[PDB]
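>
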Amino acid sequence: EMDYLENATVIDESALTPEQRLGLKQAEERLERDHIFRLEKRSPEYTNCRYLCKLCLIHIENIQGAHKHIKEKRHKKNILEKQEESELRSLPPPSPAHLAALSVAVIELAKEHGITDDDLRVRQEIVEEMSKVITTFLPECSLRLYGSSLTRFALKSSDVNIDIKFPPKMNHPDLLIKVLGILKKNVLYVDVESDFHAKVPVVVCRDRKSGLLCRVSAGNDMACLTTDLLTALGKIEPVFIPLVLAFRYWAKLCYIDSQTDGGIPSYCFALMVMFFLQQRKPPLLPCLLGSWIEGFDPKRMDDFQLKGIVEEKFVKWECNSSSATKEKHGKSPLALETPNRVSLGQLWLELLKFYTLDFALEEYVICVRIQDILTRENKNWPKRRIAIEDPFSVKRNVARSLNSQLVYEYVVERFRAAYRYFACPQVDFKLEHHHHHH
Ligand SMILES: [Zn+2]
Ligand SMILES: [Zn+2]
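Below is the structure:
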């Protein structure tokens, strides 16, 4: 009875009738047409295990169970995903006209909606007037601009990030409370409000002259270092800013942003663009650390600490611990030797393809300090989901905030959807999101 033998979870192979051996081998051959095989055993004694589905990597216990599994959710979903991937991978190369359309659309997103040199002028003037206001109550401190205002990695409307440098014999919570009172009393601003629970504690106000929201922090040195590195890179390589803007807004990654962000998601996506630019062949951005450092070993790269910008062309590095390097400090060039001629459309498609099809996001670390590809284990970091090394805090995976189930699945979905959408003429995408871009 094939009826028993299809449901039996353990088969006495010797007790099988030659005709039953025949029928079972035929059934199994049929099951193979759906990726289901007898698992070869290690020490067989008619033992435990029967069938492996290579698609789902699922152990199945009998023939009837294999036929139920073929038609169930997991197997159907995997069949689909495999089909979608084959489609994505067999896409014909884009036409010159489609590439040009994409190129013009990307640069026009940056030009019509991005932060302009005159917009930076406005925001720097905001900082100058506010520093006038703050210092004439509190003269030791200084003000400076950071974040997107300088990097241009957000749109015309985005918030103005302003950091207060203060002396150590001055207490940070007290400092922000005093600043809150000062800005409340001063008529240059409206809607002055503390935001002290946010990831970075800040005072919020609206500059009445420019209508721009300002977020005033204190002692946020790391964010300023980060801003200066990314600003210098964007000034040296013209494709950096429009690719970051497209990646963030066209792919709809902005849907992740909230005002309690701390800007971490957008920072992650900027780092991902920079990583792609470093990892391209040929590359369009240099790596921050490498063989020009005499004695540099990619292992124990975590003994290095990146510092400020010099001449707007170099980033300082220190290695204060014992090591094989000749020098304790140095500087790395932020500029290639003319990674000359590739259109924005081609870069946009390549970037989408890199993250949709080509880079094993779950297995590696997005690391913008070295060119060598880091496995999770190289960092002794856990596997799964997204991993981005903060180049200025190297034990920190900044993408941990992307790694909720919702956001992770969204990011993967947006890569696939965007690539699918932009790879073929439908595309001069016109943004029209119905939400503020901060
Ligand atoms: Zn399956
Ligand atoms: Zn948006």
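Numbered according to the authors' numbering, the sequence shown spans residues 254 to 578, 611 to 711, 720 to 731.
Note that the Cβ used here is the ideal one computed from N, Cα and C, for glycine as well.
(1) With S447 and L433 assumed to form a contact (beta carbons below 8 Å), what rounded beta-carbon distance in angstroms separates them?
(2) Taking contact to mean 3 or more Cβ pairs, one atom from each stretch, closer than 8 Å, check whether the stretch 375-383 and the stretch 396-415 are in contact.
(3) Use the C-beta contact count for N682: other C-beta atoms within 10 angstroms, 16 or more gives buried, fewer gives exposed.
(4) Going by the beta-carbon positions, is the gap between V568 and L482 smaller than 8 Å?
(5) Heavy atom of ligand 1 less than 7 Å from the Cβ of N260, yes or no?
(6) So if DSSP puts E674 in a beta bridge, which residue, or which two residues, is it bridged to?
(7) How many Å lie between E365 and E698 at the Cα?
(8) Just checking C302 against ligand 1 - is the residue's beta carbon closer than 7 Å to any of the ligand's heavy atoms?
(9) With C-beta atoms as the reference, is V650 less than 8 Å away from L659?
(10) Pick out every residue whose C-beta is nearer than 7 Å to a heavy atom of ligand 4: which are they, in chain order?
(11) Quick check: is any heavy atom of ligand 1 less than 7 Å from the C-beta of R699?
(12) Starting from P421 and walking both ways along the alpha helix (DSSP H), at which residues does that stretch end?
(13) Return the residue from the list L506, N665, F493, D556 that minimises the CA-CA distance to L632.
(14) Please name the residue in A407, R669, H614, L538 whose C-alpha comes closest to that of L373.
(15) For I311, is the beta carbon positioned less than 7 Å from some heavy atom of ligand 1?
(16) Could you tell me which uninterrupted beta strand (DSSP E) segments, each at least 3 residues in length, are contained entirely in the stretch 293-328, listed from first to last along the chain?
(17) Based on the DSSP secondary-structure assignment, which residues constitute the bridge partners of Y649?
(18) Provide the residue span of the beta strand (DSSP E) that contains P618, from first to last.
(19) Looking at the strands, I want to know which residues DSSP matches up with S395.
(20) Just verifying my parser: in three-state terms, what is the DSSP assignment at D448?
(21) Buried or exposed: which applies to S343, given that a residue is buried once 16 or more other Cβ atoms fall within 10 Å of its Cβ?
(22) So, for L486: in the same chain, excluding its five sequence neighbours on each side, which residues have a beta-carbon less than 8 Å away from its beta-carbon?
(23) Could you spell out the range, first to last residue, of the alpha helix (DSSP H) harbouring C572?
(24) Of the choices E648, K552, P392, whose alpha-carbon is the least far from that of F419?
(25) Would you check whether ligand 1 has a heavy atom nearer than 7 Å to the C-beta of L308?
(26) Please go through the same chain and pick out, in chain order, the residues whose beta-carbon is closer than 6 Å to the beta-carbon of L292, but skip the five residues on each side of it.
(27) Would you call the stretch 448-462 and the stretch 554-564 touching, i.e. three or more CB-CB distances under 8 Å?
(28) For the alpha helix (DSSP H) that contains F528, what are its first and last residues?
(29) With a CB to CB cut of under 8 Å and the five nearest residues on each side skipped, what residues in its chain are close to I313?
(30) Please tell me whether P710 and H351 are closer than 8 Å, where the distance is taken between their beta carbons.
(31) DSSP has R468 in a bridge; who is on the other side?
(32) Would you mind giving the Cβ-Cβ distance between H730 and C507, rounded to the nearest angstrom? I have them listed as a contact below 8 Å.
(33) Hey, how far is the Cα of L642 from the Cα of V359?
(34) Is any heavy atom in ligand 1 found nearer than 7 Å to the beta carbon of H366?
(35) Measure the CB-CB distance between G543 and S576 and report whether it falls below 8 Å.
(36) Buried or exposed for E490, going by 16 or more other Cβ atoms inside 10 Å?
Here's the rundown:
(1) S447 to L433, Cβ: 5 Å. Contact.
(2) By the Cβ criterion, the stretch 375-383 is in contact with the stretch 396-415, since at least three pairs of Cβ atoms, one from each stretch, lie closer than 8 Å.
(3) Per the 10 Å Cβ criterion, buried.
(4) Taking 8 Å as the Cβ cut-off, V568 and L482 qualify as a contacting pair.
(5) If you check the C-beta of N260 against ligand 1, you find no heavy atom less than 7 Å away.
(6) For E674, which the question treats as bridged, DSSP gives the partners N682.
(7) Approximately 27 Å between the Cα atoms of the pair.
(8) Because no heavy atom of ligand 1 lies under 7 Å away, the Cβ of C302 does not count as near it: no.
(9) Contact: yes.
(10) In the structure shown, ligand 4 is absent; the only ligands present are ligand 1 and ligand 2.
(11) Annotation for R699 indicates a beta carbon at 7 Å or more from all heavy atoms of ligand 1.
(12) Premise fails: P421 is in no alpha helix (DSSP H) and is neither H nor E.
(13) Cα-wise, what sits closest to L632 is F493.
(14) Of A407, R669, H614, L538, the residue nearest in Cα terms is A407.
(15) Remark: the C-beta of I311 is in contact range of ligand 1, defined as less than 7 Å to any heavy atom.
(16) Unbroken beta strand (DSSP E) runs of no fewer than 3 residues, entirely contained in the stretch 293-328, are found at 304-306, 311-313, following chain order.
(17) Secondary-structure assignment with DSSP links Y649 through a beta bridge to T660.
(18) For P618, the uninterrupted beta strand (DSSP E) segment begins and ends at 614-618.
(19) Beta-bridge pairing by DSSP links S395 to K418.
(20) In the structure shown, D448 sits in a strand (DSSP, three-state: E or B).
(21) Under this definition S343 is an exposed residue.
(22) If we look at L486 and ignore the five residues flanking it on each side, its Cβ neighbours are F493, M527, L538, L619.
(23) Per DSSP, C572 is not a residue of any alpha helix (DSSP H), being assigned neither H nor E.
(24) Ranked by Cα distance from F419, the options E648, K552, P392 are led by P392.
(25) Because some heavy atom of ligand 1 lies under 7 Å away, the Cβ of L308 counts as near it: yes.
(26) The beta carbon of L292 is closer than 6 Å to those of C302, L305 in its chain, skipping five residues each way along the sequence.
(27) They do not touch, by the three-pair rule.
(28) That run of the alpha helix (DSSP H) goes 517-532.
(29) If we look at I313 and ignore the five residues flanking it on each side, its Cβ neighbours are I289, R303, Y304, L305, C306, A319, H322.
(30) Yes, they are a contact pair.
(31) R468 is bridged to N414, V457.
(32) Your pair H730 and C507 checks out as a contact, with CB atoms roughly 6 Å apart and the cut at 8 Å.
(33) Pairing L642 with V359, the inter-Cα distance amounts to about 22 Å.
(34) Outside the cutoff, so no.
(35) Against a cut-off of 8 Å, the Cβ pair of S576 and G543 comes out as no contact.
(36) Looking at its Cβ environment, which holds 16 or more other Cβ atoms inside 10 Å, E490 is buried.
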